[PDB]
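Submitted below is the structure of interest, expressed as structure tokens.
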Amino acid sequence: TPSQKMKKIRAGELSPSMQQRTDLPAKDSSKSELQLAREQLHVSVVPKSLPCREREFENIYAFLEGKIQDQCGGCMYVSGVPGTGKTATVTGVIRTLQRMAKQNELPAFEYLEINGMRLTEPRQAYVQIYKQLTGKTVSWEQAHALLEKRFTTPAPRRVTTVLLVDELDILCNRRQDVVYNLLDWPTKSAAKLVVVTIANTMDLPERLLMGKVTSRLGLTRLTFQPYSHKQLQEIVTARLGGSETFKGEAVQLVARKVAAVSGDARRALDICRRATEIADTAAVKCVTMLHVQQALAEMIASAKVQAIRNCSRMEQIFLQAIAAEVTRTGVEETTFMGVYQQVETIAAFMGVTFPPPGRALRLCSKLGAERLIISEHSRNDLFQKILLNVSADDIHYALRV
Amino acid sequence: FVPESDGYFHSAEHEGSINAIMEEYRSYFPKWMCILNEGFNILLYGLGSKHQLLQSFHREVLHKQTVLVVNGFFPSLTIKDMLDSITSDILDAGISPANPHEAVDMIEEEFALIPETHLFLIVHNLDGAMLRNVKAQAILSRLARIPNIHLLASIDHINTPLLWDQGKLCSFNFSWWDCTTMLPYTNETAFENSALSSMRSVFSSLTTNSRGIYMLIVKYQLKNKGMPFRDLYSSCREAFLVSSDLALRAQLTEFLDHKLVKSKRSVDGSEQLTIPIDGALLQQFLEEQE
Amino acid sequence: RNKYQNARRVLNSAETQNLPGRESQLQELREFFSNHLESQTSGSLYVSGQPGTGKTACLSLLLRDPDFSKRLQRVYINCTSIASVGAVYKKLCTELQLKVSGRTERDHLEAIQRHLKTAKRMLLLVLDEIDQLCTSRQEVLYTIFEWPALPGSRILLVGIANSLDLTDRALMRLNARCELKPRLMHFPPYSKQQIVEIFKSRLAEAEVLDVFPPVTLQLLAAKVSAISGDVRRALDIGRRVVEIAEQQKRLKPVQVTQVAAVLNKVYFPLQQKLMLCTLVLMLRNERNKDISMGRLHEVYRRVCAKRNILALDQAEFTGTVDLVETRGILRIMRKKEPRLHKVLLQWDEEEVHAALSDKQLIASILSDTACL
Amino acid sequence: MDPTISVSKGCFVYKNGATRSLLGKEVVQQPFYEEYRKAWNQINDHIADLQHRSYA
DNA sequence: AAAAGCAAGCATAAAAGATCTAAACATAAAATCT
DNA sequence: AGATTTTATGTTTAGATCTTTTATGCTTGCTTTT
Ligand SMILES: Nc1ncnc2c1ncn2[C@@H]1O[C@H](COP(=O)(O)OP(=O)(O)OP(=O)(O)O)[C@@H](O)[C@H]1O
Ligand SMILES: Nc1ncnc2c1ncn2[C@@H]1O[C@H](COP(=O)(O)OP(=O)(O)OP(=O)(O)O)[C@@H](O)[C@H]1O
Ligand SMILES: [Mg+2]
Ligand SMILES: [Mg+2]
């Protein structure tokens, strides 16, 4: 019966196994050097010690070591744009603290962790934190009551517990009860909780948290700045090891054109993998700079001029006449009727006949499904509004040069 | 009462007298019991409050019959609350269905199942604050149609029968009764349906930087006889009253919460910050702060 | 170990027994509880004030008094902890061990009223964070505050909130009956000398008074009491001074330079630079500040063309403007389509110019009127 | 004030054994109630008979 | 000259449009009766 | 050792909410015929 399976799942007594491969994975020594760089360059392979994040490592390490040794509890808020080494640094600090507590240089501590985007509801965090404690799956009300019984009541020998919370802005909602509980539990003396909260926006406690929640979040804070031109080069040359499969100018061009956009490290580690895959099909064993230029042009794509050049001729006449009506009437939003009149003018100039308006609505629907233009549902023909989504100069660049 | 349309086209002794009036209306009660027995419903349409009269009818006469008093002057009552009250407490049938007319169909079936279990229904102000929609009056007329349910009700508004069509007025088998007590409308108007001092009382609770921000808006208002947001932002950054823009927006959000400042957006996108108080009292307030 | 970690531990920001700043408030609350015990009459109360001023610390101090433990039945309910606004009666039943027929909130309310009608001891019901109980009809809050006016009920309830006017604005109906409306008690924000006295209490409970000279304490309290007046931020900066000085020096009293540095601290990619310069240019040159993402991108492409550097496409430009939005420099009002989203600058240009730190480029973009 | 005047509730049950002829026996046994009920039953049945014979 | 009549202006408010949430409804775990 | 309400839980849909935006209407300020 299924109910015994669900009871063994909710009690945690069966581990959720995944199916194993029929065939064994290939041995490491059969790999090419370019494949070795392709697998060292994967974003999932976190280094044991992160380059160019030593200052933030010392900051989070000093905070967590002081909160653990003082047995007091508290809270911290780290923030920054995605791909800047936030969660990797926090888990590296926590792994270093666990390695130190294993050798009895530090007091032992529990390490709970959650993430706000793995929860369907903000209150489901109560289900998950308790699942990192006892392992039972229970309802969020009973889990919140048991967590309050654990944290509000002094029960020696209570051990220190560090609750990392990624994705803090998803847990907010309007009532903000969950984030208030998670930041209010450390303030009680009986709970030794040290909650760290990772988020993207710098101004989150003032922008969307309540005043008491911002007051509980405190003034200790850390900001992960975007990677510069040089740190992105140090990251990729640390990932490659001593291998010369990448040219140094190729990594310099990847870092120079990724740091100018975002400062994300995942973009550099993905563009270098695509450059390795491009160099693999050319049967070269060094990733020369034009392979990096091809991978950069592929992964920072701008394929709308190709879409306008690949459109059918009546759709190109339609794309000319929408920009013509925008230039004529001045306002950016045009009705289909004046667009069709400019269509008849341009088609009378070019000499081809144009399809009747019931087929011009099919052309407008195709351009609006391709998102070359923004357009309404077709049920209100001749009065539907047609925004131009592509820029007006891109159409002339496509249909002239 | 035969009004002329030209007004539209050109547009102590009292306690003893009121006690005699109330004793006469108290003497009317057995006639109301016979009239309610014959199937008519009672409607009172006097000038003053009739709360104490219907309470005296519930107290002296209906001391043992089942009774659902309904306060129609309540701002926050719903017709779902009354149908849920009948269905849950009178009949022990649980929660009523979410469609109110389905609840009246259920109440009609369950009250058809029990003869000689009459339910009296006293509604002070049938023209109530949440009973002025047509749907609640249709529900009340469908309830008063039932032979078991008898209805007494009060009327106060002059425009009340505009929502009773002939179908509701036939379901409401009313026996109109002029119960003109002269009592003041205390309870009916006590509810929520019907300043430099407060500004000082909220200004006392503010911190020093909030006092400086509000004094900057007060000085600009008295100097100009609503300030754009950018001038307040530059003045606060010069006077070191704020750290960045978002803390100033939080302070003005607090002022909007405590109604010291009205924010009127312009067509150019700038935010205007009016103080909604006359300038003589504002000049006296600025003199109070010195 | 040393005095640095001792002061960092003792600044704490947790529960405390001694409350030097709140003495007249504690005496007024004790006089309220004592006169309503001696008169044996019910009495509602509403305490309020800015967060961090110490309302819950005072009421947690007064729910541990032995004499009030003898005279009245204390109950503390944090109103955030309930699953729903109507569920609070059920939680109150678990705080009183009342027997209930169960599984509906109405019978829990009738059990609470049946307990209140014949209670042997006076009940002190503290509802911390009562702003969570406000809804729209507000049946629960009016039902709770109607309990002191109930015939023979001996409850005296305290409601803690951050709002100065939650009682009037959220409970206008209690003003009509003077027996029903709560007595009001504000908790004013801490002054400078009160924060100095709190620091001199906490550092003398552990005898680590010498790590803070009085001059820098009177700098720190002068900043914090002027900004907000909550003691949580004051104790946080006081702990942060010592945990930065421990990182920096590795007895030295902290100097005014360290506290001034942490107080001034507390209180770009090239395409993001080009986006901010084109937004400053379009906001300066045009009276209409209704800038769309497409109207900004069409100028940004012309600016990148005149700078002879490659421009991002609209699909990457939207992510670039979203990354600038995280810094607080902008705010994007969302619309039906990504082109129609409205950028809104939230810094003044005199701050944006100092943030970009590339004046030779901004002087070129802002003198480039012809590309608009 | 009065117990019926509450700030929270809007409806007030006074149930007296309801499960799931208002007058006492002095009035029903009076002769005038008998003659009134007789004349009313006769008049109402004759009017209902006329309405049915017109609708038939 | 007196009182009805056309642009102007802010304002409650009305649509709306997404959006979030509370209660009604379907459903599964489980004490309970046989 | 199996059937029955019983209860606790999750989903879904109707309603409350936030926010923009648009409009008739309430009032104003002239404006103009009788
Ligand atoms: N300084 C670095 N050195 C080496 N690798 C890095 C560095 N920073 C980031 N990475 C790589 O990029 C990935 C970034 O993942 P991480 O969890 O740090 O991102 P994040 O900042 O948490 O993103 P988000 O804010 O979106 O959750 C890591 O898997 C890591 O392999
Ligand atoms: N007068 C005081 N003396 C010493 N310490 C204080 C004083 N007031 C408050 N504190 C400290 O500040 C901390 C927070 O105070 P408390 O939680 O009572 O503020 P609050 O008003 O309840 O905040 P919120 O409104 O956000 O709930 C307490 O843990 C206490 O240690
Ligand atoms: Mg992360
Ligand atoms: Mg508190």
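Just so it is clear, chain A uses Swiss-Prot numbers, and the residues here are 519-919, in order.
Positions of Cβ are set from backbone N, Cα and C atoms, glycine also.
As listed in Swiss-Prot for this protein:
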- A:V564, A:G598, A:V599, A:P600, A:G601, A:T602, A:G603, A:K604, A:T605, A:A606, A:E685, A:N718, A:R784: ATP binding site (BINDING)
- A:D684, A:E685: Mg(2+) binding site (BINDING)
- A:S533: phosphoserine (MOD_RES)
Sort out for me which one of A:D684, A:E685 has the most neighbouring CB atoms within 10 A, since those are the binding-site residues we care about.
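That would be A:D684, with the most Cβ atoms nearby.
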Could you tell me which of the binding-site residues A:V599, A:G601, A:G603, A:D684 sit with their CB under 8 A from some CB of chain C, listed in sequence order (or 'none')?
A:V599
Under 6 Å from ligand 1 by Cβ, which recorded positions from A:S533, A:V599, A:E685, A:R784?
A:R784
Quick check for the class: what is the C-alpha distance, in angstrom and rounded, between A:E685 (ATP binding site) and the residue listed as 'phosphoserine'?
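Given the Cα positions, A:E685 (ATP binding site) is 26 Å from the residue listed as 'phosphoserine'.
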Do any residues at least six apart in sequence from A:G603 (ATP binding site), in the same chain, have a Cβ closer than 8 Å to its Cβ, and if so which, in order?
A:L568, A:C570, A:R571, A:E574, A:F742, A:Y745, A:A783
Return the residues near A:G601 (ATP binding site), defined as same-chain residues 6+ apart in sequence whose C-beta is under 8 angstroms from its C-beta, sorted by sequence, else 'none'.
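Within the chain, A:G601 (ATP binding site) has Cβ neighbours under 8 Å at A:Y745, A:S780, A:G781, A:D782, A:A783, A:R784, A:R785.
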Tell me, if you would, which residue among A:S533, A:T605 (recorded positions) has the fewest other CB atoms within 10 Å in the structure shown?
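Each of the recorded positions A:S533, A:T605 was scored by Cβ atoms within 10 Å; lowest is A:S533.
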Quick one: of A:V564, A:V599, which of the binding-site residues has the smallest count of other CB atoms within 10 A?
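Comparing Cβ neighbour counts within 10 Å for the binding-site residues A:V564, A:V599 gives A:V564.
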Including all protein chains displayed, how many Cβ atoms other than that of A:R784 (ATP binding site) lie within 10 Å of its Cβ?
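I get 13 for this one.
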With the Cβ under 6 Å from ligand 3 as the test, give me the qualifying entries from the recorded positions A:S533, A:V564, A:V599, A:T605, A:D684, A:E685.
A:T605, A:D684
Expressed to the nearest Å, what is the distance separating A:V564 (ATP binding site) and the residue listed as 'phosphoserine' at their Cα atoms?
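Computed Cα spacing between A:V564 (ATP binding site) and the residue listed as 'phosphoserine' is 26 Å.
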DSSP on A:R784 (ATP binding site), three-state: which is it?
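Where A:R784 (ATP binding site) sits, the three-state DSSP reduction gives helix.
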For A:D684 (Mg(2+) binding site), find which of the recorded positions A:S533, A:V599, A:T605 come within 10 Å, Cα to Cα.
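Hits: A:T605.
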Distance check, please: Cα of A:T605 (ATP binding site) against Cα of A:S533 (phosphoserine), rounded to an integer number of angstrom.
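A:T605 (ATP binding site) and A:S533 (phosphoserine) have their Cα atoms 26 Å apart.
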State the Cα to Cα distance, in Å, between A:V599 (ATP binding site) and A:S533 (phosphoserine), rounded to an integer.
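A:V599 (ATP binding site) and A:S533 (phosphoserine) have their Cα atoms 35 Å apart.
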Under DSSP, is A:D684 (Mg(2+) binding site) part of a helix or a strand, or is it coil?
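Looking at the DSSP assignment, A:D684 (Mg(2+) binding site) belongs to a strand.
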